[PDB]
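Q: below: the sequence, then the experimentally determined structure.
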Amino acid sequence: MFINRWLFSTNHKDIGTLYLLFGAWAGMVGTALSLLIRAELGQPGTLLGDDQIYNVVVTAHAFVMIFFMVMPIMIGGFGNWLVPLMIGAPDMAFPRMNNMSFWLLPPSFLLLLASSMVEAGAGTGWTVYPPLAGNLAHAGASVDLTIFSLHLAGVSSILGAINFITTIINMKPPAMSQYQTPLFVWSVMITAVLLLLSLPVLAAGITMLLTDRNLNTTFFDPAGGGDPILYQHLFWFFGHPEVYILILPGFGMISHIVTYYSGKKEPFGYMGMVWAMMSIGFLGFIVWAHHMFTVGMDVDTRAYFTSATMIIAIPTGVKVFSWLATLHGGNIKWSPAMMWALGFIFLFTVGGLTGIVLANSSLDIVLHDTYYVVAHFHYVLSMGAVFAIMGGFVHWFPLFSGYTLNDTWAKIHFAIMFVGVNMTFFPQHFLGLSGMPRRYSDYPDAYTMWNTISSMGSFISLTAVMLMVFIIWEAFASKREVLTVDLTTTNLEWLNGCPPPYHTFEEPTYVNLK
Amino acid sequence: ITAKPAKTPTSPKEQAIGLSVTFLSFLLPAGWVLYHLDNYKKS
Amino acid sequence: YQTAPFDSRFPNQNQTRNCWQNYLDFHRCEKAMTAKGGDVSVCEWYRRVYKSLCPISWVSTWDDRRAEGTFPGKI
Amino acid sequence: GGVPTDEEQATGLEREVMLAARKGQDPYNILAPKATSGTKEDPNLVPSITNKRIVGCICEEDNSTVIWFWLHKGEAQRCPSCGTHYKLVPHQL
Amino acid sequence: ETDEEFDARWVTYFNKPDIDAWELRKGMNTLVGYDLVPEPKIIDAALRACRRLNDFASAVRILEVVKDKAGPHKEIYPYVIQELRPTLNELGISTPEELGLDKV
Amino acid sequence: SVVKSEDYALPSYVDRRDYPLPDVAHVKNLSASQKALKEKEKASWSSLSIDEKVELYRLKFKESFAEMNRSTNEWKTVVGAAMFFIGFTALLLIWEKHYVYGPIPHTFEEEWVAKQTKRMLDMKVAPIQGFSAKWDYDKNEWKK
Amino acid sequence: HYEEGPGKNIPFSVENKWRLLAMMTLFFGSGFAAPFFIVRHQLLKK
Amino acid sequence: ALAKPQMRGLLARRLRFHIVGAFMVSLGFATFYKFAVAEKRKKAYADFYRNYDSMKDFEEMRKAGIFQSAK
Amino acid sequence: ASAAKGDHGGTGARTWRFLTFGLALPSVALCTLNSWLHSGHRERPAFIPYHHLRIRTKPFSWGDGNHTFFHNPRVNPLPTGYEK
Amino acid sequence: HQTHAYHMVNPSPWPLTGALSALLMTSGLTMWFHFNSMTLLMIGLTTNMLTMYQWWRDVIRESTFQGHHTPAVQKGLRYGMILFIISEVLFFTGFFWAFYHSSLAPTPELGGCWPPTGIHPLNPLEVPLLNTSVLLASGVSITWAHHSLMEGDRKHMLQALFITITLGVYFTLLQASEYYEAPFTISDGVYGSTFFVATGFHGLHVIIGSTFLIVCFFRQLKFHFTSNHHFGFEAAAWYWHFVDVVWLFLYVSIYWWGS
Amino acid sequence: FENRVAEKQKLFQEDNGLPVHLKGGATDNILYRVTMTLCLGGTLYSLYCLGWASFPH
Amino acid sequence: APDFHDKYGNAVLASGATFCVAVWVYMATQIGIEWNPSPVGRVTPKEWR
Amino acid sequence: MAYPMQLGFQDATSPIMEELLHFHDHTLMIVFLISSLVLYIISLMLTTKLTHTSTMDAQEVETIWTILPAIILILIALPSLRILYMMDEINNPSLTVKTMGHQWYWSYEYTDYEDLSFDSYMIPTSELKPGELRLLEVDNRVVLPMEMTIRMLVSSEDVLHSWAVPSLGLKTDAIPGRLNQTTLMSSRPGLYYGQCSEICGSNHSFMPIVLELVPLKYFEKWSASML
Ligand SMILES: CCCCCCCCCCCCCCCCCC(=O)OCC(COC(=O)CCCCCCCCCCCCCCCCC)OC(=O)CCCCCCCCCCCCCCCCC
Ligand code: HEA
Ligand code: HEA
Ligand SMILES: CCCCC/C=C\C/C=C/C/C=C/C/C=C\CCCC(=O)O[C@H](COC(=O)CCCCCCCCCCCCCCCCC)COP(=O)(O)OCCN
Ligand SMILES: CCCCCCCCCCO[C@@H]1OC(CO)[C@@H](O[C@H]2O[C@H](CO)[C@@H](O)[C@H](O)[C@@H]2O)[C@@H](O)[C@H]1O
Ligand code: CUA
Ligand SMILES: [O-][O-]
Ligand SMILES: [Cu+2]
Ligand SMILES: [Mg+2]
Ligand code: NA
Ligand SMILES: [Zn+2]
């Protein structure tokens, strides 16, 4: 019974729950890796050992947070629970293949942990650039186990994306056009089209790195006529779309949360929100070499990547303002979920705005490979993707479990986290402008004050993480069972009750074509 | 949202135990490694 | 002669072909002067330019390979 | 010849859907129902195999918001946004 | 449409003799969606409709929601009540204040 | 009064400022006297007492607007407790500085810093605005 | 067919809050502790 | 008797009033920032270099002993 | 274009088989004839130990580590030159 | 009891076996590359082939034998396959990108020219042209197969499909011989690297598409396909055209223009 | 060959509660057990190999 | 009836704040942390050559 | 170099770095305005009991909040791209210096006239002389002539590194098999510091760059004496 249910699943809700659990466990590993980082940097000198060990920690930190935390929660977790409910579908199109998406992640995680246990770890950066990631400067199994980890995570997400796109286009009620699906479902679809197009290119480029390391090819080795910078283009041609992948389901959830705790039946400017997500999607595939502005590219190439990168502010600004216009006139409910979404709106906008500073190739010469970048991307990831995750979690926890959280504790958790992440990352802008490089285990003495504070903020985030776990315990311990939820008329995923039965929409909804 | 009163109420004292055991499950193993770091570094 | 001047044929940040081409030119020119019993000293400009531009390990490697018979450019 | 037809070999639900479609019937809800005028005298009739079915009401053509509510066996109910009328008609398949 | 046509639609809406309990609720719940406090004459037609539906409590609730829609504009509700007073008197509708239902 | 989990599909009661007339009465079963009161409501409301008018309001609705919209002292608990765990976090950083971190580099000793500061002034670090700009090279002191 | 309802649509039990506390401690704590122990592994190697 | 107050478009009126406030504040901030940061900067550089004497700056550094190449 | 043939009334099985036997497979027999003719061993070129060829940064995981997976002794020299 | 037309699939162990088999094959290639052993790899290849066989066996059970593939289920399969092929196109794209990057700007290490000094390419008018005519021909014979099947003609369906498979097999043998004969190898700098990797992934896709056509040949022998319902055959036909288009881009890029 | 689809349809529709992966009969159970045994045994072996490769030799 | 916040609110707040301010003041000034503030206006430059 | 508690860029030491400071000031003013406008509108939306919960019309307001941002972007791009093309202009250098990244040091090669080359390694902390900067000093500095246009060429002989000097606005990646060019002009004499800016293994943190900028005649004599 157990093994049939949880190892052999063909049910979108139980597979969605497994992804949530997996992603929460990855969050704790990611959080530990991040405290090791800030502990090394929390005073001048050397805490752990030289740059090799420090950057094995740094690399795993990124891979765990992006691949094992954010994507599985947002897409495997929320996406599988919610998308079939929100379109009145009985399950995903390929419910059995959906379960292999899930079961590829624990082995992909094992290969990542193996890579760090053997030899001296892969201390390469999560971008795995050669030649440092090559078989001379990283001899032995760690980079290969890393590559293989990524292959499996890749296959997992490409089969997920085919499942989501198919299910969203093919399994809506016959009367429902694509422009009558909720924005979260739109964000999963766009997201999946991006996974589909971008992961095969990373798979090609990490395959060439594997053959360069193990079969005597020279795609990236100038001695055989190859080029290390080709690898960067391949990687980035995936890596920019990847960060739009990490954010877009967060934008979808935000729009549902803001709408719901403003007392609104619908988000402001629906079609503009759609158009914005599709534009950001598309634009996200033509801008990748803004990660290469110091490699030595011609000037016109740099002019074009600066401008194509900037233009993304326009559709992204449409979203920000439509979220404000959704709040406008609302009957505002100050839930813990709403607080995470309001923080999202403001702190994403700040990190999106320092993205725009970085889009300027002239100034990026001096910001590139410094903590300015690090401050940028943690605003959008630690206070953007993560805030959406948390707002989605506290919002839909009662739906998934049938139990309520304590709102007061969840408010306290938000407040602690808000202070902890800002204290962590805000001073890193100063570190970046004043010239502190990335991927350093130690720093010239002048950079001490900000690194000390940043490390202290990281501890405040730790306490927020440990508190979250006690909060989830408390909910399950106390068993306050949900009774009534408002606004079901425009929130279909709640209408089968909490938690919904294993099988829902065995009889589809009735929707007239008129 | 409305809900029923807790089926198995968790009192202040029970919350203090839950919270304490939760903080310690993260603090102790990591504190143990960090405190012995010098012993590792010369070994 | 101070250093190699700006060459409109290699206007960009990647100067790798500037170095290579002047290295080739110098050695083609020596070969041709030494065929036709001439003065190699007409070739000296390309030697100054490739010397200014080229990393020492690259000239040294290319010198070894021309001596070995394994230099891949055409001279 | 030698290749079976769907008439000869289609089975299970595939067959049920194909035979019902020949009779002009839609027991597996493949088509979208056409609206009546939606008044109390002429309510949309909602088949169901139980005593409640969730309805999604697109109140005006091209609305992007769908309004969702359980339809229960009994007197007709009205969409809470546009007041169009629906009435369940249970049992069978 | 003009302000006057808007108000007249609503008046006529609540003045329907055989208005049912669903239409009462639907009209009130729709109307408080708008960026306005309803004119006295619309509230008057909704309060007379509560009377034909034998629903004293919804009449008190309508008064509460007038006051609520005014937000921080504290002059609006005492004015509307002043204007409804003959109607309140005629139907025996006690205000929320007269019922103690404005206390927390 | 008593709401049941297995009722989720049925219209339910809610107190919301923006949905003043909910889909069902808060109280649907009536006592003998509550029944007599609903009959009485069919006659002139001027003949109802204040108490009766209240009792009808409380059958139809659970909380009044002033009840449902009331503010609470929750913020004091959220702000106090947040400061408490933030305060707790400092204990962790005290333990870390005592048991984890060793001595920092000799370059932060007071005499090292004094010489390094002189040398930064001798090399004119940031002489336009950031650093040396704040030293008075004539009066041989920090600009006041 | 499977149990349904609060507490039953999950791979872990919530029948007893204290056993639940143990299980959640092991699960989250093992996540958190692993990088510390891998760091230790690596130091104690070379 | 109480006079009739405005009762319509209260949310829109409040919105209009404050968006214009926000615009006004924003011009006022641009003004302050170009004074306190931008012109301050341009003037510090302009004033620094106006009569800057590089050889003298060098000689001071040389006398201070900072250089490997110049005693 | 249109190529230079005709049918297009119906694309049925008869037409596609007509194309399989009257165009496609004769093209294959033509190319197979052309090839089984230009086949015959081309004279292996002198060995020159170019440093951009015969790359070895890690031994291959089969054989003696020094031989490619489809090593042909006639035509693939090792880094030290052609085999005995 | 459902009244929609979608397929609720019985709980299945093949996802977990396929996952583990991915773990065993990648762990296995590690052990092979770094620890001189092929055991894990062989075990992973084995459980992978068992997983594929049983999973697709079961899809056949569900459709031909149980009738779960209503039109809606079928339409979903069509989207799925079209999406899969899209993602396979992007994968080749990264390898084409590598090819043109190297070949449009040959570095001094190659002689500053393409093909590099010391590289003697195959003649595109020889076996590579043969390979072309073979894959183009097999696209014509598979379309004959598809029309026969729609036309209800069992025997000409099997003859045209057999011919399509024998042509895939001929391509594969020709290509294996060409690999043996080639005077350049995978270790011959970026020229060998891009050649063998791009054409070798294509060869892998030809083998996989041939195996899919063989699965269809035996299903057809066993009368699974009706004249209207035969998605397995369509999918493999689309995969096959994909494999042919890929080869035409390799031929034009690497063999012709890159020679 | 003869068309025996009808027979397989009757076999795979038998109301016996079996999952499709085991509905073919006793051979399905054998192939299942062989598959799952190779996967779980191979997985414990890959862990052992990790333990081994985790230390210098 | 008074909830948790009416009864304990003022105390949680007073004592959370007192405790936070205390322990951070202690951590910041009493345990040997080197903040590395600017020498400007606080360090007297000393001959190094 | 950076000094304690620094907030912004190191003071500019070349005209182009000065230009980057003004363009950053201009862009950050926009950054601060937009984010404070957002924070402000946020507080405005949340601080009223007045409601308007019915469908709102969106084609009108979307024009503003599409066109304004386009305009602001153009106001960023214009000075951005002016600076870009300035950094690319032909300039006629008097001197070419090559630097090669290695694990974990730089070597410099000054070969327009003689074969001058040497290696440049961080001073270990326990060997710093009083007043010297932890992690930033090298045994052999990159001596260069002040007020002259210098062509720096940057490559690597092993893994990636990247050659940076924040004061002058310079950061050029060091890729093996490739020769990247940048131009370096100091307005002033003195010591200017940078650090390797691409991850390159165990001692990435510890292979810094110190330029020493002096009069031509002092540079010439140092060159001679370095042979
Ligand atoms: C945490 C440690 C802070 C240490 C503070 C500096 C010490 C001063 C020494 C003593 C002062 C010495 C005087 C010398 C001035 C030299 C300035 C310079 O050379 O040039 C440039 C400097 C100038 O920087 C600054 O002038 C400080 C800017 C402060 C912005 C507001 C945030 C402050 C809020 C609360 C505390 C911070 C944490 C919250 C973070 C919230 C995230 C935005 O460098 C920066 O670029 C950093 C900013 C990065 C870009 C992100 C901007 C978007 C921010 C959001 C606006 C929020 C809206 C209202 C703001 C909302 C508040 C109601
Ligand atoms: C999603 C992406 C993500 C997130 C959230 C974080 C969070 C943090 N990271 Fe970051 N980081 C990266 C991605 C992320 N990081 C990347 C890509 C890099 C660069 C890698 C490279 O250079 O190669 C990096 C690099 C990086 C560095 C620079 C290292 C260097 O250059 O030397 C630093 C240093 O301070 C840092 C610190 C932190 C800290 C203190 C946090 C903290 O804010 C974390 C606090 C904890 C949480 C936010 C927990 C989150 C969620 C859960 C616990 C799940 C809860 C589960 C459910 C509710 C179901 N990171
Ligand atoms: C969820 C993750 C996420 C997201 C959404 C983004 C979004 C953006 N990123 Fe980010 N980026 C990262 C994650 C993210 N990024 C990571 C991880 C890295 C480092 C990778 C590595 O090296 O490891 C990085 C690095 C990175 C770089 C390279 C810097 C360098 O290495 O030197 C650049 C450069 O252009 C950049 C730009 C942008 C831009 C313009 C956006 C835009 O999409 C942001 C757009 C949003 C706004 C502009 C705010 C909203 C708009 C308004 C309120 C309207 C009005 C605004 C204006 C008119 C300007 N990013
Ligand atoms: C008719 C063509 C058929 C192709 C199949 C041939 C047999 C080998 C099996 C591998 C198939 C995979 C294809 C691509 C992998 C890389 C190289 C393959 C192309 C090939 O076979 O090239 C041979 C080299 O093989 C070598 O190195 C051998 C390498 C064999 C080890 C395979 C490498 C394993 C690593 C691949 C991991 C793949 C990761 C992909 C993930 C995909 C996305 C998830 C060329 O022979 P040579 O002697 O060098 O030159 C000829 C001299 N007369
Ligand atoms: C990056 C996140 C880390 C967060 C910081 C963690 C803070 C709290 C750490 C508490 O953990 C411990 O405290 C010790 C001391 O306080 C240790 O005991 C050691 O110290 C002793 C006191 O010297 C002895 O009694 C013991 O034998 C012992 O080994 C140690 O075992 C450990 O579990
Ligand atoms: Cu050299 Cu980093
Ligand atoms: O990637 O931003
Ligand atoms: Cu990007
Ligand atoms: Mg870089
Ligand atoms: Na450190
Ligand atoms: Zn409707």
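A: Sure thing, it's come through. Numbering: from 1, shown residues only, chains lettered A, B, ... in the order given. Ligands and ions are numbered 1, 2, ... in the order given.

Q: and the residue of chain M that's closest to chain G?
A: residue M:202 (12.4 Å; CB to the nearest CB). C-betas here are computed from N, CA, C, even on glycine.

Q: buried ones in the longest helix anywhere in chain E, by neighbour count?
A: Ranked by residue count and defined by DSSP state H, the top helix of chain E is helix E:76-91. Across helix E:76-91, burial judged by 16 or more other CB atoms under 10 Å in any protein chain shown covers E:76, E:77, E:79, E:80, E:81, E:83, E:84, E:87, E:88, E:91.

Q: please enumerate the helices of chain C.
A: C:16-35, C:44-53, C:56-68.

Q: packing partners for the second one?
A: Okay, so that is helix C:44-53. helix C:16-35, strand M:95-102 (3 or more CB pairs under 8 Å, 6 or more residues apart in numbering or on different chains; DSSP states H and E).

Q: and chain J, what are its domains?
A: As given by curated CATH domains, the domain ranges for chain J are J:1-68, J:69-259.

Q: how long is the first one end to end?
A: It refers to domain J:1-68. One end of domain J:1-68 sits 14 Å from the other (CA to CA, to the nearest Å).

Q: again, but for the longest one
A: From its first residue to its last, domain J:69-259 covers 49 Å (CA to CA).

Q: ok, which residues in chain D are in contact with chain E?
A: D:78, D:80, D:83 (CB under 8 Å from any CB of the partner chain).

Q: how about chain H?
A: Residues of chain H lying near chain E (CB under 8 Å from any CB): H:1, H:2, H:3, H:4, H:5, H:6, H:7, H:8, H:9, H:10, H:11, H:12.

Q: who wins on neighbours among these?
A: With neighbours taken as other CB atoms under 10 Å in any protein chain shown, the top of the residues of chain H next to chain E is residue H:10, carrying 23 neighbours.

Q: please see if stretch L:33-49 touches chain F.
A: Yes. Counting by CB under 8 Å from any CB, chain F has neighbours in stretch L:33-49: L:33, L:34, L:36, L:39, L:40, L:41, L:43, L:44, L:45, L:46, L:47, L:48.

Q: between those, identify the one with the most neighbours.
A: Busiest of the residues of stretch L:33-49 next to chain F [other CB under 10 Å] is residue L:39, holding 23 neighbours.

Q: contacting residues for the residue lying closest to that residue once chain neighbours are set aside?
A: Nearest residue to residue L:39 in three dimensions, chain neighbours excluded: residue F:117, at 4.4 Å (CB to CB, 6 or more residues apart in numbering or on different chains). Counting by CB atoms under 8 Å, 6 or more residues apart in numbering or on different chains, residue F:117 touches L:39, L:43, L:45, L:46.

Q: any idea which of the residues you listed is closest to ligand 2?
A: Nearest to ligand 2, judged by CB to the nearest ligand atom, of these is residue L:39 at 26.1 Å.

Q: can you tell me the element the closest one falls in?
A: Per DSSP states H and E, residue L:39 falls between elements, in no helix or strand.

Q: need the residues of stretch L:33-49 next to chain F in a markdown table (columns: secondary structure).
A: Listed next are these as a markdown table, based on DSSP: H, G, I helix; E, B strand; the rest coil:
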| residue | secondary structure |
| --- | --- |
| L:33 | coil |
| L:34 | coil |
| L:36 | coil |
| L:39 | coil |
| L:40 | coil |
| L:41 | coil |
| L:43 | coil |
| L:44 | coil |
| L:45 | coil |
| L:46 | coil |
| L:47 | coil |
| L:48 | coil |
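
Q: out of those residues, give me the two with the largest separation.
A: L:33 and L:47 (28.9 Å; CB to CB).

Q: returning to what we had before: residue J:98: which of the helices and strands packed on helix C:44-53 is closest?
A: Per CB to CB, nearest to residue J:98 of the helices and strands packed on helix C:44-53: helix C:16-35, 19.2 Å.

Q: then that closest one to PDB, C-alphas only?
A: The C-alpha coordinates for helix C:16-35 follow below in PDB (Å, rounded to 0.1, in the frame of the first residue of the first chain):
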ATOM      1  CA  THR C  16      45.300  36.900 -31.300                       C
ATOM      2  CA  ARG C  17      45.300  37.000 -35.100                       C
ATOM      3  CA  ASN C  18      47.400  40.300 -35.200                       C
ATOM      4  CA  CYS C  19      50.100  38.400 -33.400                       C
ATOM      5  CA  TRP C  20      49.800  35.200 -35.600                       C
ATOM      6  CA  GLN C  21      49.600  37.000 -38.900                       C
ATOM      7  CA  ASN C  22      52.800  39.200 -38.100                       C
ATOM      8  CA  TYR C  23      54.500  36.000 -37.000                       C
ATOM      9  CA  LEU C  24      53.600  34.300 -40.300                       C
ATOM     10  CA  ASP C  25      54.600  37.400 -42.400                       C
ATOM     11  CA  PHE C  26      57.900  37.600 -40.800                       C
ATOM     12  CA  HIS C  27      58.800  34.000 -41.400                       C
ATOM     13  CA  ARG C  28      57.300  33.900 -45.000                       C
ATOM     14  CA  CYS C  29      59.400  37.100 -45.700                       C
ATOM     15  CA  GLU C  30      62.600  35.500 -44.300                       C
ATOM     16  CA  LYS C  31      61.900  32.300 -46.400                       C
ATOM     17  CA  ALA C  32      61.400  34.300 -49.700                       C
ATOM     18  CA  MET C  33      64.300  36.600 -49.100                       C
ATOM     19  CA  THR C  34      66.500  33.500 -48.400                       C
ATOM     20  CA  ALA C  35      65.200  31.700 -51.400                       C
END
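
Q: helices and strands around it, which ones?
A: For helix C:16-35, the packing partners by 3+ CB pairs under 8 Å, 6+ apart are helix C:44-53, helix C:56-68.

Q: can the last one be found next to chain A?
A: No. Using CB under 8 Å from any CB, we find that helix C:56-68 stays clear of chain A, coming within 10.2 Å at best.

Q: what's that helix packed up against?
A: Right, helix C:56-68 is packed against helix C:16-35 by 3+ CB pairs under 8 Å, 6+ apart.

Q: quick one: the helix it packs on to strand M:95-102, angle?
A: Calculated by axes from the mean of the first three to the mean of the last three CA atoms, to 10 degrees, helix C:16-35 forms an angle of 110 degrees with strand M:95-102.

Q: got a list of contacts for stretch A:405-412?
A: If you take CB under 8 Å, 6+ apart as the criterion, stretch A:405-412 is touched by A:335-336, A:339, A:394, A:397-398, A:467, A:471-472, A:474-475, A:478, F:74, F:77-78, F:81-82, F:85, L:4-5.

Q: so which residues of the chain form strands?
A: I went with chain A, as the question did not name one. For chain A, the strands defined by DSSP state E cover A:510-511.

Q: ah, I was thinking of chain D
A: Using DSSP E, strands in chain D cover D:44-48, D:52-57, D:67-72, D:77-78, D:85-90.
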